[PDB]
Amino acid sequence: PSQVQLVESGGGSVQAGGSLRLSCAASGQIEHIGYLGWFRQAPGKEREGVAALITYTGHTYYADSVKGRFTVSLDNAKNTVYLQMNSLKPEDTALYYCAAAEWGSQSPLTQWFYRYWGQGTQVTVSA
């Protein structure tokens, strides 16, 4: 089996303007994970990056459309990374995935950078 397992939870439905917190539990041989990412995909659309956390620098990067509304954070003791989503918009409706990588040569903002992927959790926002 995979040496790293990721499990998302927290999906739900929110009226526009509200908030929702997602979590991603990481387990296995996670000693060298340097990158944790949140991605999302709606039917008929390309998977897009939402937030990227660089664990060894603390740098966080956000998609332009969610910057200032979403916050990604790591609880190292629990090995759980969170996505706090504030001021939700209908355009945020998607299946949300967490992803992890030990290292990479390409952009940490892109899906192709990440080796391990969760099953996804559904977020639905209504206007």
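One-based numbering along the sequence shown.
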Segment of higher mean CA temperature factor, 40 to 48 or 96 to 104: 40 to 48
Return whichever of 110 to 118 and 10 to 18 has the greater mean Cα B factor according to the PDB record. 10 to 18
Per the entry's values, where does residue 89 land by CA temperature factor relative to the rest of its chain, in the lowest, middle or highest third? middle
Taking the entry's C-alpha B-factors for this chain, is residue 77 in the lowest, middle or highest third? highest
Cα B factor band for residue 54 (lowest, middle or highest third within the chain): highest
Could you look up the Cα B-factor of residue 63 in the entry and say which third of the chain it sits in: lowest, middle or highest? middle
For residue 83, return the chain-relative third of its C-alpha B-factor as stated in the PDB record: lowest, middle or highest. lowest
